[PDB]
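> Just the structure for this:
(13 chains)
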Amino acid sequence: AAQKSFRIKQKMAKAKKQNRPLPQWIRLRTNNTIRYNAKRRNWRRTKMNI
Amino acid sequence: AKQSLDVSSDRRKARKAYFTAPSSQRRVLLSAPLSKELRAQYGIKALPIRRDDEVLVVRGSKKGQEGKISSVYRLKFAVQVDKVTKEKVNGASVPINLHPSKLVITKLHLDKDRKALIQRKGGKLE
Amino acid sequence: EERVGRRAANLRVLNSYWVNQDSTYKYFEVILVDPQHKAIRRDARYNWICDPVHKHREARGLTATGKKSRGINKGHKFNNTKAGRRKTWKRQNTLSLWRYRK
Amino acid sequence: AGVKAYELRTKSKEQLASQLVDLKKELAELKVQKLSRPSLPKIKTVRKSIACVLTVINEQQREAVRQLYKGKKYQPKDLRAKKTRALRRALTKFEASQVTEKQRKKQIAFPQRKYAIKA
Amino acid sequence: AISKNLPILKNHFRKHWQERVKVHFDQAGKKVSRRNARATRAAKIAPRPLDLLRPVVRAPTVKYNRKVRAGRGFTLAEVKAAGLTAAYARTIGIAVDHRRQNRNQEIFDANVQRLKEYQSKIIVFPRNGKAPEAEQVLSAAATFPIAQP
Amino acid sequence: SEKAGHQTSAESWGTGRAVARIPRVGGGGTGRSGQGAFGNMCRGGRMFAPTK
Amino acid sequence: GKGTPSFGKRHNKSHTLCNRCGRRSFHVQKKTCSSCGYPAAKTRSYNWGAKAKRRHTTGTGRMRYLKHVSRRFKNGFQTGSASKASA
RNA sequence: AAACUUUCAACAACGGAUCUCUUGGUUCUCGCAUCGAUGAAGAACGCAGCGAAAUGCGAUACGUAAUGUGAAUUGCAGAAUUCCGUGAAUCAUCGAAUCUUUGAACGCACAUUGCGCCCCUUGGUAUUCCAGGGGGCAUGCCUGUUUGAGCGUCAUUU
RNA sequence: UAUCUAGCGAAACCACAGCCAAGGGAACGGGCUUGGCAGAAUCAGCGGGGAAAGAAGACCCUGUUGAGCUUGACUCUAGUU
RNA sequence: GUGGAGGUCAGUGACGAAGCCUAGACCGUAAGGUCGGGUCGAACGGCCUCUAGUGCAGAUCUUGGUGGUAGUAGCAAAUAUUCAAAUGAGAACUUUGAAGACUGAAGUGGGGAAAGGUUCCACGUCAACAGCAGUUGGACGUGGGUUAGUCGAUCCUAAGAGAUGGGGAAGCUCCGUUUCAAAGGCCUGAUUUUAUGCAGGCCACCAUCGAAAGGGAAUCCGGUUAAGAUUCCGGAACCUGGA
RNA sequence: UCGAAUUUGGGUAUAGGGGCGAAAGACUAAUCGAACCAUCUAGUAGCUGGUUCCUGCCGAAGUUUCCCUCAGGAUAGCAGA
RNA sequence: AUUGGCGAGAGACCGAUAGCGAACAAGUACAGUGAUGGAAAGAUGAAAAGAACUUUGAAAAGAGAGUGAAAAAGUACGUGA
RNA sequence: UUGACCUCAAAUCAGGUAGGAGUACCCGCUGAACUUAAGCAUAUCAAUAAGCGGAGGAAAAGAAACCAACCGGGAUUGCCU
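Numbering: from 1, shown residues only, chains lettered A, B, ... in the order given. Structure data below:
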């Protein structure tokens, strides 16, 4: 919003650090079911809704 | 039969307890039988396995192969032994996972907690 | 007793009694006890009310006004409400089915 | 390996707090070497070594508070036993074992007898 | 709704009875638990017979007055005629009832001879000294069956 | 379970929508939206005559 | 003009973050949270909202304190320490 | 006649039914009572050498202490006579702690990481001002203490 | 634009499909009967037909189905006297 | 005939169970059963009996998938692109240049509010996305970026919201915001932390929230980054609070 | 139509039998002659549609009477066992 | 009494469109302003031994080779209508 | 003047305590309607669902201002009747 609250910026910082793919060594562990990041969010697909 | 009501004969609960066992429970699940000469020397049948035990593989395709333990790999319920490996196609040597029930311990790594375990199970320590 | 027990949530409503009335209001002097006062926690004639089942007894109908208003009396006049009208209603409307059917 | 609490407990407040200040200094120096090195798992050892120290600092300070407030009424609420709120509001063993003198006379004069049928 | 030669069946199921079906699958489970409760009660209060002694009273109404049964407790007059204090009778395993009154001689006579037989058959353990080696008879009701007059 | 097939708030769309009259899950954007429920013929619905 | 041309004026915020449940449910003008009832003392929950109770009940979150009470009851809420030094 | 159309088979596709399994569910039974102002449930945010979740945790942050087992963890790196030991482990147990911002939330407030006040202490010439640190400051109610108020009322004192 | 080509690439609809005349038939047939006839595969138009498609007809009727509204229909009721 | 159960065939089976395919045979009027071949890899049948969530072609059935339509309709508003070179495997679309143009300053420009949240910028890269394409990208992967005594918020009050006291309400809570309240917040002097008193004394005030466009203490120029500037640097000021 | 019964931003107030309406039963988050969400609820339906293997044997009724009954029931009849 | 919590044992129960909505990072992704709604998604193999290396192609990938009992098991992974 | 007493205050006084969560069961309050009556209004649903307040391992009730009419029983609760 370019003039936001600190709570909004704190939520963006959580979402910025969350927005990354799977680490490649997660697929290498034993009995791993995770194939990809299913909670991965992009700004052109899904809104964070504050 | 099953007389005490605290223990269960459910396959699902037994399989859940096995696969979700922690590392302390997995240590005694990964027990290996001793040899005939170790049974005559120590008076016990089976013993939980350590990282410095001379074992002999008695079942599988690695039958008739001795070795020393490299790492007790408790996550896969396996132990990895020295000089019994698989030659990969890129020249590498990957360790063959072995369940300890298919192995026979030839020599023990007798620490003082290992020794106190021998007379705990009823040994003479010869 | 309900409004007093909400005001003094730290106290247990022992009893209450009519003192006065007019056209608009009825006046009641409500007896309360401090269940954490040491004179009530000692002196075991009165230490039953600091037991944790007796808290907010006026909001459940445990006091004499509640025992009257719930109809809890012995008699043929109180057959619907002997141990509580909902306890009797559960008991008389359950279909109690057994292993070997009767 | 790091510091261990059994030999940390043999120290007084002065060298323990000095070592806490010291252990923070190798922690910070390992953090500035973290930015240059691709990997440094030594920071976990120092982080737990710090955590060992001020656990011991807190434990010796709290035990000094126990020895200060020993044998007196009104221990602090963080320094008294946190069992359960319902158990703390509940009657104690002494007050629940209280009876009046009337029931004490009845229990003494007519106790619950032991008896048996000989068939 | 009303078809054929069938009796009028007053079935009371127009409420939400399915929310209140109680099915007693625990009939065998409660019987085991009741016997376990009786076993742990007898272990608690050994060697007393796990139940008090009940009088031989006459059942009310004209349908059931031909048969005697077990009362709640003996009267004050019955216990006094047996020769013991009512508080003392409570301690030695005799149930005593304060609201039942005595107005029938043969019921009074049967109850006091029941009390005479009970006092003769039990012993009271001493408060101090070594208690004697006495076995526990688990059922006082089976020890004193109620006979019709 | 007596709530199985009924932890759902499906409501029928009626007619005039070129779909069958079965109760369908409202809301939107989940894949479950518009799916039939509350019937024996429906995926995720209750069985006919639930065992008591 | 009640649809797509009227969705372009949809740019305010009726609801913002709640300080109790963290949802975008705190009504700005009403000064109340629609999902948890903040700032009232009772957490807003209803028996007709059986799924809504299921979303916010005990056990959905961390249970920072309540997960240890079962262990503390099982040992009897004791104090002190285990006394034997080493084997 | 070929192409095309239709049918069937073989093989290959699409798709994921059938079969086989099952760290899950459902139902029944049994046992127990165990949240919170000593701060609960819930939420937000952070914490791993390389983690986005889940799980765990709280600036002591995938945890610390204590106890037990006794030699691992592991996907890789790193460390590993820490290994005949007060001693590893993503171990179990758990009785001592820490426990960010919150939240019944409790200084006031909160679409704000806002505005305050008091005590002790350190620094800036400092009782006032500005900071740093620590400890507090909600409301209702009970009991007691202290200071009070009322010609409500009593005695005494010119 | 449509048309042709390169690339990308749906939907509506669809028992099976698809030439008519007359007959009968649920009284307006693509199929049945009797005749006419009928030769692969198509492209662009076109609006006669497919009683083309778009919606369990909105008009009408029935329901011992509602709802909105009205009133000197019945029975109540807040308010007020 | 199907799922499951109690018996039995000391039944079958990794020398291949169940499944599935079979214009391949046999039996039964049929429901179906049996066999051969192929695939497959771990359990499954016959008979007697019991039990049921037991047999599907339809419900504008439910879920999932696939067709004909069909390489079809369509990708036709916003006047418009062309040439060369470079990169690259590949250029209608990338980059640069040359032209031609367009928006024509109530612009297709430069800023911002709400909103969005990292899309900004660099590097690598094109599996998916961009209605075609792609070497390009608001995409993918890894990183880096937002610096304020002066700009805003913070402070003030508006329309209003909202506790307290108090009054309703079985209650959730409702009214009310100065009301039928004992509603404090500063002045001081014993000696420059100084009486926690008669004292150089009082409005009878009423919490608080409420505007990034209203009211309002005080910052401008130049330079600077891949991405920050009234914020950084250099210079030049100003306000508040304090000593 | 374009200087005001003007337009518009932001804050604010009014919430469902309620609001608001220069009044169209209009609008009240694509929903309006009573919004949406969840529950009672799997509401009810004399009405529509569907109702899953084979073979054998037997095999109808659309009519009496009554019913706010005429799209349905009961009863008698026909039919099976 | 107990469809919540903790722990335990069972089943003529269900077997991945079933059984709780959820066997899996499930009240999760996602949708709605909001109350709320709310999925899909199990199985290579005994063990990654997850295809070193040669060749064509820019690369993806193919063809050989090789592992493995089997690649008619290649992570688009039991069987495969 | 000084001491009380009574009542009402105040204090970041000393020590305490209540809130909230969960809510399967329990104790009350409040409280419907669909439904059925083949309509529908009493009735039914139902002294139920929703709402609200309050507890515990159980809760409630509980030692008669009881039942009875008997040769009388004898707190409460629960089950078969």
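
> do the longest helix along chain C and RNA strand L meet?
Determined from DSSP state H, the single longest helix within chain C is helix C:85-93. No. Helix C:85-93 is not in contact with RNA strand L by C-beta under 7 Å from any atom of the strand; minimum separation 7.6 Å. Where C-beta positions appear, they are placed from N, C-alpha and C, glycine not excepted.

> Next, the buried residues of that helix.
Within helix C:85-93, no residue qualifies as buried by neighbour count (16 or more other C-beta atoms under 10 Å in any protein chain shown).

> Establish whether it and chain E are in contact.
Yes. Between helix C:85-93 and chain E, judged by C-beta under 8 Å from any C-beta of the partner chain, the touching residues are C:90, C:93.

> quick check, distance from that helix to the centre of its chain.
Relative to the chain's own centre, helix C:85-93 is displaced by 19 Å; criterion: C-alpha atoms, centre = their mean, to the nearest Å.

> can you check stretch B:56-69 too?
12 Å.

> Pull up the distance across that stretch, start to finish.
With C-alpha to C-alpha, to the nearest Å as the measure, stretch B:56-69 spans 10 Å from end to end.

> same check, this time on stretch C:41-49
Taking C-alpha to C-alpha, the first and last residues of stretch C:41-49 lie 9 Å apart.

> Identify all residues paired with residue E:23 through a beta bridge.
residue C:97 (DSSP bridges).

> hmm, back to that, anything in the longest helix of chain C sitting right up against RNA strand K?
No. Judged by C-beta under 7 Å from any atom of the strand, helix C:85-93 stays clear of RNA strand K, getting no closer than 14.5 Å.

> could you point out the longest helix in chain D?
Per DSSP H, chain D has its longest helix at helix D:42-68.

> what does the longest helix of chain C rub up against?
C:70, C:71, C:79, C:80, C:81, C:82, E:15, E:17, E:20 (C-beta atoms under 8 Å, 6 or more residues apart in numbering or on different chains).

> Tell me how many other residues crowd the second one.
Right, the one you point to is residue C:71. 16 (other C-beta atoms under 10 Å in any protein chain shown).

> three-state assignment of it?
When classified by DSSP: H, G, I helix; E, B strand; the rest coil, residue C:71 comes out as coil.

> Out of the contacts of helix C:85-93, which comes closest to residue D:114?
residue C:82 (37.9 Å; C-beta to C-beta).

> is the longest helix of chain D up against chain G anywhere?
No. Applying C-beta under 8 Å from any C-beta, one finds helix D:42-68 separated from chain G by no less than 10.9 Å.

> List the buried residues in that helix.
Those would be D:46, D:49, D:50, D:52, D:53, D:56, D:57, D:60, for helix D:42-68 by 16+ other C-beta under 10 Å.

> Residue D:3 is in contact with the fourth one, correct?
Yes. At 5.3 Å, residue D:52 and residue D:3 qualify as touching, with contact defined as C-beta atoms under 8 Å.

> Show me the helices in the chain, by range?
Just so you know, I chose chain A. Going by DSSP H, chain A shows helices at A:6-18.

> sorry, should have said chain D
For chain D, the helices defined by DSSP H cover D:5-8, D:13-34, D:42-68, D:85-89, D:93-96, D:101-109.

> which parts of the second one are buried?
I take that to be helix D:13-34. Within helix D:13-34, the residues scored as buried using 16+ other C-beta under 10 Å are D:16, D:19, D:23, D:30.

> between that helix and helix D:42-68, how many degrees?
160 degrees (axes from the mean of the first three to the mean of the last three C-alpha atoms, to 10 degrees).

> starting at the chain centroid, how far to helix D:13-34?
Relative to the chain's own centre, helix D:13-34 is displaced by 26 Å; criterion: C-alpha atoms, centre = their mean.

> Give me the contact list for that helix.
Against helix D:13-34 from outside (C-beta under 8 Å, 6+ apart): D:3, D:8, D:11, D:40, D:42-43, D:46-47, D:49-50, D:53-54, D:56-57, D:60-61.

> Just the CA trace of it, in PDB.
Below are the C-alpha coordinates for helix D:13-34, written out as PDB (Å, rounded to 0.1, in the frame of the first residue of the first chain):
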ATOM      1  CA  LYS D  13      28.400 -16.200  40.000                       C
ATOM      2  CA  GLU D  14      31.400 -14.200  38.900                       C
ATOM      3  CA  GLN D  15      33.300 -16.600  36.600                       C
ATOM      4  CA  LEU D  16      30.000 -18.000  35.300                       C
ATOM      5  CA  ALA D  17      28.800 -14.600  34.200                       C
ATOM      6  CA  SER D  18      32.200 -13.800  32.800                       C
ATOM      7  CA  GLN D  19      32.100 -17.100  30.800                       C
ATOM      8  CA  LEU D  20      28.600 -16.200  29.600                       C
ATOM      9  CA  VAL D  21      30.000 -12.900  28.300                       C
ATOM     10  CA  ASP D  22      32.900 -14.800  26.800                       C
ATOM     11  CA  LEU D  23      30.700 -17.500  25.200                       C
ATOM     12  CA  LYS D  24      28.700 -14.700  23.600                       C
ATOM     13  CA  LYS D  25      31.900 -13.400  22.100                       C
ATOM     14  CA  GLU D  26      32.800 -16.600  20.300                       C
ATOM     15  CA  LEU D  27      29.200 -16.900  19.200                       C
ATOM     16  CA  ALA D  28      29.400 -13.500  17.500                       C
ATOM     17  CA  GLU D  29      32.800 -14.300  16.000                       C
ATOM     18  CA  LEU D  30      31.300 -17.500  14.600                       C
ATOM     19  CA  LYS D  31      28.400 -15.500  13.200                       C
ATOM     20  CA  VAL D  32      30.700 -13.200  11.300                       C
ATOM     21  CA  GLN D  33      32.600 -16.300  10.000                       C
ATOM     22  CA  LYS D  34      29.300 -17.800   9.000                       C
END
